[PDB]
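Scroll down for the structure; my scribbles are underneath it.
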Amino acid sequence: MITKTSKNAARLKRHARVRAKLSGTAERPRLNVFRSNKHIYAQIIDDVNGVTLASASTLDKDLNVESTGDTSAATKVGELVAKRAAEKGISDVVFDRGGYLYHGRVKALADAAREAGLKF
Amino acid sequence: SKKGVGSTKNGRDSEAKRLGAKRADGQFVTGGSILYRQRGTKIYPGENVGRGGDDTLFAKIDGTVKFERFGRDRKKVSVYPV
Amino acid sequence: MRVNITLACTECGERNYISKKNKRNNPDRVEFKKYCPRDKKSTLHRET
Amino acid sequence: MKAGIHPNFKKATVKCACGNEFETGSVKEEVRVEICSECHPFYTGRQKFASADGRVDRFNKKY
Amino acid sequence: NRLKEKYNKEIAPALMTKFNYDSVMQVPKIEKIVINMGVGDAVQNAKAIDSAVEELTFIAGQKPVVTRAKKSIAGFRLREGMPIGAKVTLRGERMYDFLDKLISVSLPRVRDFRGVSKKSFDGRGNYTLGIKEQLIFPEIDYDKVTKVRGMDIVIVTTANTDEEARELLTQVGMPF
Amino acid sequence: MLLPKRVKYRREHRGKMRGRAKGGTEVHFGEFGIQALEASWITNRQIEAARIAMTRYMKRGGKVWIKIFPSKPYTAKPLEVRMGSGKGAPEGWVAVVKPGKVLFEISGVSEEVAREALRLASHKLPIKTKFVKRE
RNA sequence: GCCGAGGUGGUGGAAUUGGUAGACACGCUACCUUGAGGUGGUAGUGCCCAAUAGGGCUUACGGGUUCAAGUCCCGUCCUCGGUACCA
RNA sequence: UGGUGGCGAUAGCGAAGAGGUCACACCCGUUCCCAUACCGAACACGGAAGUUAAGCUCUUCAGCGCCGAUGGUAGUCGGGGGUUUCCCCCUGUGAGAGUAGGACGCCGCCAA
RNA sequence: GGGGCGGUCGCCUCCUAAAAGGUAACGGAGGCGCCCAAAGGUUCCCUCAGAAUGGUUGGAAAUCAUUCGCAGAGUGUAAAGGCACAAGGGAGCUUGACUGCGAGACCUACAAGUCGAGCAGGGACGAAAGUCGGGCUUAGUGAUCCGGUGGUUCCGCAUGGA
RNA sequence: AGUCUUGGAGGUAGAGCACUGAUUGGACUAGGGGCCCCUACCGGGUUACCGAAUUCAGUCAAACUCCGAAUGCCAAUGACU
């Protein structure tokens, strides 16, 4: 037969393991990461209010990149995360690597936000 | 006639440990005070309630106590302020 | 067999700690780094 | 692939005694084979020797 | 190299128009090949595990796992652990090379070879070759062989029903 | 000798006999049955004697349908022994019979034979019992 | 009645210290020695299916602990030894 | 559409359908980061040859699952009576089972 | 349920126990007087038991895939409670199986026993958020007196030591 | 302190089989026997001789709960007394 469950089903389980231990409180919004094959996405979420505050995707026709899956695409969408997080003033944020490792594009997002000034 | 039979084999028993609710719903409750003595988690900790090493439910802040429910068939202690 | 174990410091030589270990599963002299309040830091301790 | 664990792999030039050559990748650099698939008689349809041989005895009246 | 190109080019249009799929992705593909060893003489012969930790590294260079018994069995004189049997999993290019070794090179050397069974499909689309002699394809070297201990090969397609895995494995080259 | 093959606890409490039966109050496997008008403990031997009387009057029974089983054990201390020093050893097995419980049934046999068969069954039972047809 | 012990091949009987036998001394069997029996000497030896190979039943029994039970644990039957006292 | 949240499977399972330029994916390879007790299956790094088959959505449906009354009954607080291993009456309360029915999604946020 | 005889004496779990807690009997059942240097901590991973088939030696059952299995497994160990966001399984690194505490609670005649957010000193793991003051919770233990050992800006019978 | 109103914790009486144990019967059913046929215990030929697991229907439980009371308990809120 051999059948496989999706990347996304195990990804949501391993994300829900992460979500039991850190949340999007007041004055610590949750910095979530979604990591599609053709793009990458990053939101800044209140989990108490149910509201994402700022957002950034490589699906942005302004400030686009070529590769969109490169570490430079993740670095540019991370600097957009931190720039919108400074423009709408949360100023302190909690990094939700979302059911992934802290390895590649996700770590590129996180390092770009740490450089640009989001204090994890 | 006095015929000798003995040997019960079932005398002993342990000391009663006083599990259960120590505070109620709508009770004013200070910080650090034990809300529920249990073994296992018959009832879970919610907001401002911690689970101890001997899985006791205690209040983290001052405030009233509410026993709500965890959805399917499962309960919860939560402490709110005023 | 199970033995009561003191874990004396090395920088100070002071005892400061007790835990148990086997004489068979740990036949050698065991060592840990714990806190010496005379030394006020983490310090390598040693079974005595 | 883990390093220092697996043996090497070079392009095996598998031969055969019927002359048919074939290509894989193995530990051995070159392999000579005495009976391949196209040499073995089961792969070659209804074979010559054993199928021509395997007629059961026709109640051997002949003499 | 050659079995991937043979499979894609000749087989995938032919098998796709043999079973009339409504898309190219419904065509079954051989996903993995799992080579079991199953040497349980580790109890009475403690060294023997290294036999086919040696050999299955030579059968396919992916090193097998020294696999352990998951439950203690008194009738087999065996506690839980004391590892039993080796295991190779296989997907990539070496595996089509391995079926190239089996079909074109090895399975002639089965010294009593006839039609290997039609009746070795589980009902889901998967196949097993049961091997009893460990020297079939010429690397095994009679010189380095004393124990003849054979092998279990689990050829695992992605086929959902069974007879289309049949028509896959006939076209790959397995005789029946 | 109806006996449970295995029992968790060889010494159980004596329980209480109050309320009607939970179920089996009506005849549905057979055609004619016998209900209890009172509550009691019925042992192994009473079901033995009742079923034997049933089989002997019917002389070839269609079905006999024993609906009650002696699940509960009763223990008894030996003869001429003082109180205390442990609960006594188990002696017998009991079906607890609440009032309104169909004990035995009959199928395939005419009504008069069923009347007299359940009557000869009833004179082996400690309870007041009544005849019951299927509705 | 209560308490302690023990139930093993046809036999008396060890295994009771944790890893699978049913030791050892008798019978029993095949052969040898003798005119022939006895003693004596050699080789086997619980059982049933199997040429051997080889798998299972088996330590009074029935059930649990265990991956395993002759041993660890409980109940039934039996045989031992001690106790059954005070008016 | 895609991500992300709350709500008790009324969310489920199962069965049959429809969709791909975007989007999520399946996929194509491992040259580097990484990885696999084995292995690019997974995890990662890249890419965009085709693929709506699978996940995914989007329809339906009451077969299992789930929610679920009203009445009646069992039980029972208090008062009382009787042939008292139990039963009965009165006042109030009130199940469980079974049902009639509800249901194969409601609700926030952000980016397209 | 006279006394002797037998049996017991402390700690843990269930039932008794009557839907808070409590609750007796020579009432019904069981366990304990430990074990683990990983069987603790943290981080990242991930899912069990059985069954049906395809399978050498392989047997009813070792090892293999393959479906069905939101739980028949596991949780060091009785029993109960609890757990598949793991508390159950793996791997890396580790020693928080720390020191001084501790607002406030539970429990109780006392003696005791249990929980504890948070603070400081120093760390472990983690990128961080954070978590860590032993193990999944509850058994695994005993007062004082008297001695032994180790250390101390303590005393020391006139004074300095002892 | 009482009572009305409100919110809770706790799983007994009852009830039910959804776990765990017990257990009545029907339907099939691998398999175990018994009559045997020859015959390498090999292949079988039968049986109302027993049937593990599946399914339907019914029972029972202090140490069984998918469920769940009346009461009692803990409270807060006002209200009276």
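Lettering and numbering for the structure tokens are positional, with chains as A, B, ... in the shown order, residues counted from 1 in each chain, and ligands counted from 1 in the shown order.
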
Among segment 11-54 of chain D, which ones does DSSP place in alpha helix (DSSP H), written as a ChimeraX atom specification?
/D:49-53

Could you write out that same residue set with C-alpha atoms as a compact mmCIF listing (two decimals), in the first residue's frame?
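Saved as out_21.txt:
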# COMPACT_ATOMS: atom_id res chain seq x y z
CA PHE D 49 17.18 -28.70 -22.81
CA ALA D 50 14.87 -29.55 -19.92
CA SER D 51 11.62 -28.87 -21.78
CA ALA D 52 12.81 -30.90 -24.77
CA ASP D 53 13.90 -33.57 -22.28

What lies within 12 Å of residue 18 of chain D using only C-alpha atoms (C1' of nucleotides), ignoring chain neighbours under 2 positions off, as a PyMOL selection string?
chain D and resi 14-16+20-22+32-41

Take the residues from that selection and put them in a file with C-alpha atoms, as a JSON list (two decimals), in the first residue's frame.
[["chain", "number", "residue", "atom", "x", "y", "z"],
["D", 14, "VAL", "CA", 28.66, -7.08, -15.25],
["D", 15, "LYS", "CA", 29.56, -9.54, -18.01],
["D", 16, "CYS", "CA", 28.18, -12.94, -18.92],
["D", 20, "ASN", "CA", 25.80, -10.19, -22.83],
["D", 21, "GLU", "CA", 27.07, -7.21, -20.86],
["D", 22, "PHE", "CA", 25.12, -5.17, -18.34],
["D", 32, "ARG", "CA", 32.17, -11.69, -14.51],
["D", 33, "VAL", "CA", 29.02, -13.82, -14.51],
["D", 34, "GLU", "CA", 28.60, -17.33, -15.89],
["D", 35, "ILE", "CA", 24.78, -17.33, -16.21],
["D", 36, "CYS", "CA", 22.82, -14.10, -16.62],
["D", 37, "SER", "CA", 19.10, -13.71, -17.15],
["D", 38, "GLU", "CA", 19.29, -14.03, -20.95],
["D", 39, "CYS", "CA", 21.66, -16.99, -20.53],
["D", 40, "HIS", "CA", 19.48, -18.84, -17.97],
["D", 41, "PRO", "CA", 16.98, -21.05, -19.80]]

Per-residue nearest contacts chain G to chain E, cut-off 10 Å, using only C-alpha atoms (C1' of nucleotides), as a Markdown table:
| residue | atom | partner | partner_atom | distance |
| --- | --- | --- | --- | --- |
| G:19 | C1' | E:77 | CA | 9.4 |
| G:20 | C1' | E:77 | CA | 8.8 |
| G:67 | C1' | E:72 | CA | 4.5 |
| G:68 | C1' | E:74 | CA | 5.5 |

Surrounding residues of segment 58-64 of chain J excluding itself and chain neighbours under 3 positions, 12 Å, only C-alpha atoms (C1' of nucleotides), as a PyMOL selection string
(chain F and resi 4+7-16+21-30+65-73+94-97+101-103) or (chain I and resi 13-17+28-30+79-80) or (chain J and resi 12+16-26)

Find the spatial neighbours of segment 101-106 of chain A, counting only C-alpha atoms (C1' of nucleotides), within a cut-off of 10 Å - ignore same-chain residues fewer than 2 positions away - and output them as a PyMOL selection string.
(chain A and resi 14+32-35+40-42+69-75+78+95-99+108-112) or (chain H and resi 33-34+43-45) or (chain I and resi 44-45+127)

With C-alpha atoms (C1' of nucleotides) retained, could you export that selection as a PDB file, in the first residue's frame?
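Just written: again.pdb:
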ATOM      1  CA  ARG A  14       4.943  19.007  16.361  1.00  0.00           C
ATOM      2  CA  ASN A  32       4.721  32.325  14.082  1.00  0.00           C
ATOM      3  CA  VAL A  33       6.376  30.864  10.972  1.00  0.00           C
ATOM      4  CA  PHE A  34       4.848  28.913   8.079  1.00  0.00           C
ATOM      5  CA  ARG A  35       7.265  27.367   5.615  1.00  0.00           C
ATOM      6  CA  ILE A  40       7.477  31.535   3.457  1.00  0.00           C
ATOM      7  CA  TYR A  41       5.191  33.381   5.862  1.00  0.00           C
ATOM      8  CA  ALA A  42       5.554  34.925   9.319  1.00  0.00           C
ATOM      9  CA  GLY A  69      12.980  29.662  -0.454  1.00  0.00           C
ATOM     10  CA  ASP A  70      16.528  30.883  -0.163  1.00  0.00           C
ATOM     11  CA  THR A  71      17.962  31.908   3.182  1.00  0.00           C
ATOM     12  CA  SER A  72      18.026  35.440   1.754  1.00  0.00           C
ATOM     13  CA  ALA A  73      14.269  35.285   1.144  1.00  0.00           C
ATOM     14  CA  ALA A  74      13.836  34.274   4.783  1.00  0.00           C
ATOM     15  CA  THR A  75      16.208  37.049   5.886  1.00  0.00           C
ATOM     16  CA  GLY A  78      12.369  38.490   8.715  1.00  0.00           C
ATOM     17  CA  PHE A  95       9.597  33.238  18.493  1.00  0.00           C
ATOM     18  CA  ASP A  96       7.322  30.351  17.518  1.00  0.00           C
ATOM     19  CA  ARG A  97       9.329  28.060  15.289  1.00  0.00           C
ATOM     20  CA  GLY A  98       6.271  26.339  14.084  1.00  0.00           C
ATOM     21  CA  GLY A  99       6.637  22.585  14.165  1.00  0.00           C
ATOM     22  CA  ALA A 108      17.242  32.731   9.077  1.00  0.00           C
ATOM     23  CA  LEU A 109      13.963  34.470   9.989  1.00  0.00           C
ATOM     24  CA  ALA A 110      14.903  34.401  13.665  1.00  0.00           C
ATOM     25  CA  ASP A 111      18.459  35.687  13.153  1.00  0.00           C
ATOM     26  CA  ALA A 112      17.160  38.457  10.885  1.00  0.00           C
TER      27      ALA A 112
ATOM     28  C1'   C H  33      23.695  23.807   6.153  1.00  0.00           C
ATOM     29  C1'   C H  34      21.653  19.413   8.175  1.00  0.00           C
ATOM     30  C1'   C H  43      14.545  16.117   8.574  1.00  0.00           C
ATOM     31  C1'   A H  44      17.070  19.902   5.777  1.00  0.00           C
ATOM     32  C1'   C H  45      19.269  22.539   1.341  1.00  0.00           C
TER      33        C H  45
ATOM     34  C1'   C I  44      14.761  17.958  19.705  1.00  0.00           C
ATOM     35  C1'   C I  45      12.231  14.081  17.838  1.00  0.00           C
ATOM     36  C1'   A I 127      18.428  29.964  19.732  1.00  0.00           C
TER      37        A I 127
END

When you look at segment 17-28 of chain C with a cut-off of 7 Å (counting only C-alpha atoms (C1' of nucleotides)), what residues show up, excluding the ones that are within fewer than 2 positions of it in the same chain? I need them as a list in words.
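What passes the distance filter is residues 1, 2, 3, 4, 5, 6, 7, 8, 15 and 30 of chain C.
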
Shell around residue 37 of chain C at 12 Å using only C-alpha atoms (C1' of nucleotides), local window under 5 positions removed, as a ChimeraX atom specification:
/C:9,11-12,14-17,42-43 /I:98-100,121-122

Just asking: which residues within chain E are strand (DSSP E) according to DSSP, as a PyMOL selection string?
chain E and resi 30-36+65-66+86-90+126-133+149-157

Keeping N, CA, C and O atoms for every residue in the selection just given, could you write it to a file as a short mmCIF file (atom, residue, chain, number, x, y, z; two decimals), in the first residue's frame?
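New file again-v5.cif:
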data_model
loop_
_atom_site.label_atom_id
_atom_site.label_comp_id
_atom_site.auth_asym_id
_atom_site.auth_seq_id
_atom_site.Cartn_x
_atom_site.Cartn_y
_atom_site.Cartn_z
N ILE E 30 7.73 1.45 -7.48
CA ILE E 30 8.42 0.77 -6.40
C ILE E 30 9.09 1.80 -5.50
O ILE E 30 10.02 2.50 -5.90
N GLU E 31 8.59 1.92 -4.28
CA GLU E 31 9.11 2.94 -3.39
C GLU E 31 10.39 2.45 -2.74
O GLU E 31 11.46 3.02 -2.98
N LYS E 32 10.30 1.38 -1.96
CA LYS E 32 11.45 0.94 -1.19
C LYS E 32 11.58 -0.57 -1.32
O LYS E 32 10.64 -1.26 -1.71
N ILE E 33 12.78 -1.05 -1.03
CA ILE E 33 13.09 -2.46 -0.88
C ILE E 33 13.70 -2.65 0.49
O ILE E 33 14.73 -2.03 0.80
N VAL E 34 13.06 -3.45 1.33
CA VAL E 34 13.56 -3.77 2.66
C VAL E 34 14.12 -5.18 2.61
O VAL E 34 13.40 -6.14 2.29
N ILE E 35 15.39 -5.32 2.93
CA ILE E 35 16.05 -6.62 3.02
C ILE E 35 16.11 -7.02 4.48
O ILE E 35 16.89 -6.45 5.26
N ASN E 36 15.28 -7.98 4.87
CA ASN E 36 15.40 -8.58 6.19
C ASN E 36 16.49 -9.63 6.15
O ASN E 36 16.73 -10.24 5.10
N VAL E 65 20.93 -2.40 10.11
CA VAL E 65 20.86 -2.22 11.54
C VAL E 65 20.87 -3.56 12.25
O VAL E 65 20.17 -4.51 11.87
N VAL E 66 21.69 -3.65 13.28
CA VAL E 66 21.67 -4.80 14.17
C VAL E 66 20.38 -4.68 14.99
O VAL E 66 20.34 -3.97 15.99
N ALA E 86 19.40 -8.65 10.95
CA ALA E 86 19.80 -7.39 10.35
C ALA E 86 18.73 -6.90 9.38
O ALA E 86 17.85 -7.65 8.95
N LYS E 87 18.82 -5.63 9.02
CA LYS E 87 17.74 -4.98 8.29
C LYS E 87 18.27 -3.85 7.43
O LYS E 87 18.83 -2.89 7.95
N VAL E 88 18.04 -3.94 6.13
CA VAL E 88 18.38 -2.87 5.20
C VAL E 88 17.08 -2.28 4.70
O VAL E 88 16.16 -3.02 4.35
N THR E 89 16.97 -0.96 4.69
CA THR E 89 15.93 -0.30 3.92
C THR E 89 16.61 0.37 2.75
O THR E 89 17.79 0.74 2.85
N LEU E 90 15.89 0.52 1.66
CA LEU E 90 16.50 0.86 0.39
C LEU E 90 15.53 1.68 -0.45
O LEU E 90 14.49 1.17 -0.87
N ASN E 126 2.32 -5.72 -2.35
CA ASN E 126 3.71 -5.84 -1.94
C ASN E 126 4.17 -7.29 -2.06
O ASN E 126 3.36 -8.21 -2.02
N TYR E 127 5.47 -7.47 -2.23
CA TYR E 127 6.03 -8.77 -2.59
C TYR E 127 7.22 -9.09 -1.70
O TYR E 127 7.89 -8.18 -1.20
N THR E 128 7.48 -10.38 -1.48
CA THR E 128 8.68 -10.82 -0.77
C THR E 128 9.35 -11.95 -1.53
O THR E 128 8.70 -12.92 -1.92
N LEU E 129 10.66 -11.83 -1.71
CA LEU E 129 11.51 -12.93 -2.14
C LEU E 129 12.10 -13.62 -0.92
O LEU E 129 12.77 -12.99 -0.10
N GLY E 130 11.83 -14.91 -0.81
CA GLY E 130 12.39 -15.70 0.26
C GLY E 130 13.62 -16.46 -0.18
O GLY E 130 13.54 -17.37 -1.00
N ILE E 131 14.76 -16.07 0.36
CA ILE E 131 16.03 -16.64 -0.06
C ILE E 131 16.57 -17.57 1.02
O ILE E 131 16.50 -17.28 2.21
N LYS E 132 17.09 -18.72 0.58
CA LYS E 132 17.59 -19.73 1.51
C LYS E 132 19.10 -19.90 1.43
O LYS E 132 19.70 -20.48 2.35
N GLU E 133 19.75 -19.41 0.38
CA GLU E 133 21.20 -19.52 0.22
C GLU E 133 21.76 -18.13 -0.03
O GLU E 133 21.32 -17.41 -0.92
N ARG E 149 23.17 -19.11 5.42
CA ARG E 149 21.94 -18.50 5.92
C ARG E 149 21.34 -17.46 4.97
O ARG E 149 21.95 -16.41 4.71
N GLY E 150 20.12 -17.75 4.48
CA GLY E 150 19.53 -16.97 3.41
C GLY E 150 18.95 -15.64 3.87
O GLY E 150 19.44 -15.00 4.79
N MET E 151 17.87 -15.20 3.22
CA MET E 151 17.52 -13.79 3.29
C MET E 151 16.05 -13.57 2.96
O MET E 151 15.43 -14.39 2.29
N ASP E 152 15.48 -12.48 3.49
CA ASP E 152 14.14 -12.06 3.10
C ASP E 152 14.18 -10.67 2.47
O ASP E 152 14.60 -9.70 3.11
N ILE E 153 13.73 -10.56 1.23
CA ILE E 153 13.67 -9.30 0.51
C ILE E 153 12.21 -8.88 0.43
O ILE E 153 11.36 -9.67 0.02
N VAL E 154 11.92 -7.65 0.84
CA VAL E 154 10.57 -7.11 0.79
C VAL E 154 10.54 -6.00 -0.24
O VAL E 154 10.97 -4.88 0.04
N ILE E 155 10.05 -6.32 -1.43
CA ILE E 155 9.89 -5.36 -2.51
C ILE E 155 8.56 -4.65 -2.32
O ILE E 155 7.50 -5.29 -2.38
N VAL E 156 8.62 -3.34 -2.09
CA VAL E 156 7.47 -2.56 -1.64
C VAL E 156 7.15 -1.54 -2.71
O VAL E 156 7.91 -0.59 -2.92
N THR E 157 6.03 -1.72 -3.39
CA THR E 157 5.59 -0.74 -4.38
C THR E 157 4.77 0.34 -3.68
O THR E 157 4.67 0.39 -2.45
#

Report as a ChimeraX atom specification all protein, DNA and RNA residues lying within 9 Å of residue 22 of chain G, evaluated on only C-alpha atoms (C1' of nucleotides), omitting residues in the same chain fewer than 4 positions from it.
/G:8-9,46,58-59

In Å, how far is it from atom CA of residue 79 of chain F to atom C1' of residue 78 of chain G?
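Atom-to-atom, atom CA of residue 79 of chain F and atom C1' of residue 78 of chain G are spaced 23.4 Å apart.
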